Structure formats: C-alpha cells, structure tokens
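Novice: following this: a sequence and the matching experimental structure.
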Amino acid sequence: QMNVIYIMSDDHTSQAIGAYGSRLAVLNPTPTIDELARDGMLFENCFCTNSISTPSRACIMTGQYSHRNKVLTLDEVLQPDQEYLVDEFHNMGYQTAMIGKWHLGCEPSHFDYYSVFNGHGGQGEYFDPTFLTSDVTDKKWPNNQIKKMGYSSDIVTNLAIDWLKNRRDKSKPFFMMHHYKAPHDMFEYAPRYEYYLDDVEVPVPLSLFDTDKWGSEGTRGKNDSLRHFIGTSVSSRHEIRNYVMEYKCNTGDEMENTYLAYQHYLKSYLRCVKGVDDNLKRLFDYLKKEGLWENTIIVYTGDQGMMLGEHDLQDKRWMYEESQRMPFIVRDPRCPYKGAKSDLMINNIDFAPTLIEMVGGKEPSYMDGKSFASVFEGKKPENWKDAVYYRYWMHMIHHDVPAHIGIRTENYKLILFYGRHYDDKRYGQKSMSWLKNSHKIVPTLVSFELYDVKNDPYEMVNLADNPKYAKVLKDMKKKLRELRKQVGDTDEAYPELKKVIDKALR
Ligand code: NA
C-alpha cells in the first residue's frame, strides 16, 4: 500500500512557485518544489471553489462544496463528524497524522495523531509557536498545549519527521496532512532570510498601476464612486486598509509609495516561501534516506491563491486568476509521466476522492468532487467537467470584497457580483471590527465581469459591456445558471440572495 503525505502551505499562490512560470519565476523562488514537479506532475488548471482558508480546507477535507458542507466563510467551523478524508483513510487501514496549520475550528479527533497550531485561534505564531497535540492527555482540547522554541516552518517540519521516525507503526501505511503556516500574513520570515532578494527588484505587474479596463460597477461603483471603498489595496487606494499605510511609506510621491509597498510585500512574502522550500528539502531528504521516497505519494499545494498586487489587490477571496488558482503538484512514484503537466480542470473538492482512489479505494459517493486518479495512468477521467464553479460568500468582511459567484471554462470567466451577505444581521456592522473607522457591511452593486482567460490571462479587460461579446455573455450566463443548478447552490435557504442572483441570470 502507498503512503501519502499531503503538503499544503497557507496562502502559497501559484505566482510564487517557479514551475508555474509567472513574472516571479526569474527569481527562482522554489527550487525544491520545482524539482518535485520535474519528477512528478504539475496541474495547470486547479481551482479553489471559495478562496479563504477555512472554506477551502473544509472543501478539501469533505470533498464537498461550501454550500453542502456548510462552512461558507471564516465565520463557520467544521464538525469533527465531517472529517471524511481522514475517515476514509482510516477505513482503508492507514495510520493517520495531522501536522501544522489546521484552522478548521474543531478538534482533529479523527486522526490517530495531531499536533496543530493554536495561537490566535488556529492561526499560529511564526516564532516559538504553541501546539495542541493528542499527546497532552492531562488536558482536554483545546488546552492540550505544548510550546516549541524557534521558527514555525522549521518546527512544523520537525513535527512531521519526528512522527515518521519515532511514532509511526512501520508495519502499516500512513496518511499525513502536513500544513505550513507560512507564507500567510504577516509574512514574518526567519532572520536568516533577511538579505535574500536584497539586491533584486521584484518584477512589478503592469496591473498594479493600470486598471483602466478591469472591473465593473460591482467592484468599482459607477464612475469609480466606490474605488476607495471596495477591495483592499497595495497602493493608498483603499482608504481604510492598504500596504502603503501598513508599511508607513511616505516618499512624497504616491506612485513611489506604491512601488515600495509592493517591494516590501513581495520580498517579505517570498522570504517566507523560501523558508518553506528550504524546509521541504529537509523533509524530502529524510524521506529519501528512510526508504520512503518510492512508496509515498507526495502532494504540494496551497489552500488558495493570493493577489500579489495584481490589479492593486491583496489577500484572496476574489475569483480573479491569481486568487482562484491553487498550485497543485503530485508525485506518485508509480506514475511514469515524470515532469508532465495536466490541463484538466480540477477543484479542491476533487482532492479527497482522487487520493482515496490513488491508493486503491473507491471514490466516495457522498462527495461533490470526483477522482481524477486516472490521469496518473495516462487517461482523462470519464465525462470530466470542462468548467468550474466558484462562490465567495463572505460579503465585505475583512477586505471589503463583495460576494460573487462565477464560472470559469477553458476560454472564458464569467463573474456575477451579487453583493449581498447571507446573514442580514451583519448589515451595518463593521467589515473590519478592529478599526474605529471601518467601512460597514452594506449591499453593493450587481454586475457581471467577463474575461477571455485565453487571450487575456491577466484579466485586464472586462468584456461584459462590449457588444462584440453579447453572444458569449449570453452563452456564459446560461452556463452559470445551469452549473449553479447542477451543483445545487440555488439559495432556497437565503431568499434575499436567491431573488438577486436569479434576477441577474435573466
Ligand atoms: Na489560506
């Protein structure tokens, strides 16, 4: 039986992996991950269905869309009973281990072993982190706490190596979820990376300074009346929260301020990515010397993408390419296609059924996702989707990003900004409750955005109001309407929202 190590980093976006060939690849940000891809298979079209940490991690654990597993936003939690991925590996006779960033709210009690960050409600600390572990029995969750000195990414790797070396029953296969907290904000990189990239300019995206044709009334207001309201920024654009403010840039020139904030944002972030990559070298080295390299499936992914200043945006949540796409690399030692790429349209909800089938199990019939394990034997899965669904539910909270649904085909992306919160008690409350002058949660404008992701991969040009694209827009609206029906996301429980979305889709 094959062992499995599922490695996932927090907010590690595809621009920041060398193998994905973004503007950042010239910096060689992830040599170890790149080498893994050269001996594995890289997936070009892997998409989150809902880009924030907790909803994505719930989709991964349950194989189910947010509207099915009910973990809609960061405000909801998983139930232990919903730990389906690990239940399935248990039922197949695996010993199971959960290491690192959990962030699902509940105890990882369906694991045989866990040691997961607890600082700041499951967010963890970059230095001297404490962990909740199934080894502390003197106390009950969430109080079975231990503390480790030093840098988190180094400690996380040590927890995994320790379990493999000292705790695993070598007579049984293992399934391990190995989750780094880096490169999540605040990007507190380890001191030894202080001068990494010191002499280099990080390539700047044109869209940081030019948004002329991007967006719509739903993301900008009419005539940009909401340009300082919607969407936190790298520049001074967003009036409440942005990196120019956060990094205290004040050169006398706002464009220079933006450039300097982008450089500090990207360099701090990439120094955290480098710490993860260096740590992967240690882990992979260990697996190789232990004789596990050729009997262990290894996955490397990030729970969602992140806006690294494209369109002058930050964080995730948006359906735009950099936030929707997850990097996703799998090395199955039995797969003969080494260094291959796959363009199959996949979602984070497909991870669990695929892994289960990879080791000989059956695709679970209660999951929304399906298994693409046949790709590793050189065959597209039967009747596989050629489009993906997306919905961000957490209207305006944290980053002033309006709620939206969308569909991405291989050629076009249609986004419907419906601009409502599913819990109308939240209207009027602060979107960022730690700030005295936060904006308030309010309904925003309904609008469509249509991007040609093949000829405009950076989503520079919203086509929804171009009359040359009237038929494409109608065709994609029909597909969005049907896909929403196909996946069961029809809002009978939220009639406020159902009326708005049904009306917009004709
Ligand atoms: Na995340």
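Specialist: Structure's in. What do you need? Numbers count the residues shown, from 1 in each chain.
Novice: count of neighbours near the closest residue to the ion within the chain?
Specialist: Proximity of the chain to the ion (CB to the ion) peaks at residue 53, 3.4 Å away. Where you see a C-beta, it was placed from the backbone N, CA and C, and this is true even at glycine. Using other CB atoms under 10 Å, the number of residues around residue 53 comes to 19.
Novice: flag every residue of the stretch 101-250 of the chain that's near the ion.
Specialist: Within the stretch 101-250 of the chain, no position is near the ion by CB under 5 Å from the ion.
Novice: ok, which stretches of the stretch 101-250 of the chain are strands?
Specialist: 113-117, 130-133, 145-147, 174-180 (DSSP state E, counting those that start in this stretch).
Novice: leaving out chain neighbours, which residue sits closest to the residue most central in space within the chain?
Specialist: Nearest residue to the geometric centre of the chain (CA atoms, centre = their mean): residue 304, 1.0 Å. Counting by CB to CB, 6 or more residues apart in numbering, residue 304 lies nearest to residue 51, which is 3.8 Å off, once chain neighbours are set aside.
Novice: same thing with residue 490?
Specialist: residue 484 (6.4 Å).
Novice: looking at this, that neighbour is in a helix?
Specialist: Yes. Secondary structure of residue 484 (DSSP: H, G, I helix; E, B strand; the rest coil): part of a helix.
Novice: re the thing from before, with mean neighbour count added, can I get the strands of the stretch 101-250 of the chain in JSON lines?
Specialist: Converted to JSON lines, the strands of the stretch 101-250 of the chain look like this (neighbours: other CB atoms under 10 Å):
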{"stretch": "strand 113-117", "mean neighbour count": "24"}
{"stretch": "strand 130-133", "mean neighbour count": "20"}
{"stretch": "strand 145-147", "mean neighbour count": "12"}
{"stretch": "strand 174-180", "mean neighbour count": "25"}
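Novice: can I get those in a markdown table with distance to residue 197?
Specialist: Rendered in a markdown table, the data for the strands of the stretch 101-250 of the chain read as follows (distance: least, CB to CB, whole Å):
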| stretch | distance to residue 197 |
| --- | --- |
| strand 113-117 | 27 |
| strand 130-133 | 30 |
| strand 145-147 | 31 |
| strand 174-180 | 20 |
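Novice: tell me, how many residues neighbour residue 222?
Specialist: 10.
Novice: surely it meets residue 216?
Specialist: No. Between residue 222 and residue 216 there is no contact under CB atoms under 8 Å: 10.0 Å.
Novice: so residue 473 lies in a helix, does it not?
Specialist: Yes. Residue 473 forms part of a helix when assessed by three-state DSSP.
Novice: who's in contact with the residue nearest to residue 490?
Specialist: Going by CB atoms under 8 Å, 6 or more residues apart in numbering, residue 484 touches 389, 405, 490, 501, 505.
Novice: in helices only, show me those residues.
Specialist: residue 501 (DSSP state H).
Novice: can you count the residues close to the residue nearest to residue 304?
Specialist: 30.
Novice: doesn't it belong to a helix?
Specialist: No. Read with three-state DSSP, residue 51 is coil and lies in no helix.
Novice: tell me the SS of residue 7?
Specialist: Residue 7 ends up strand, using three-state DSSP.
Novice: done for today, thanks.
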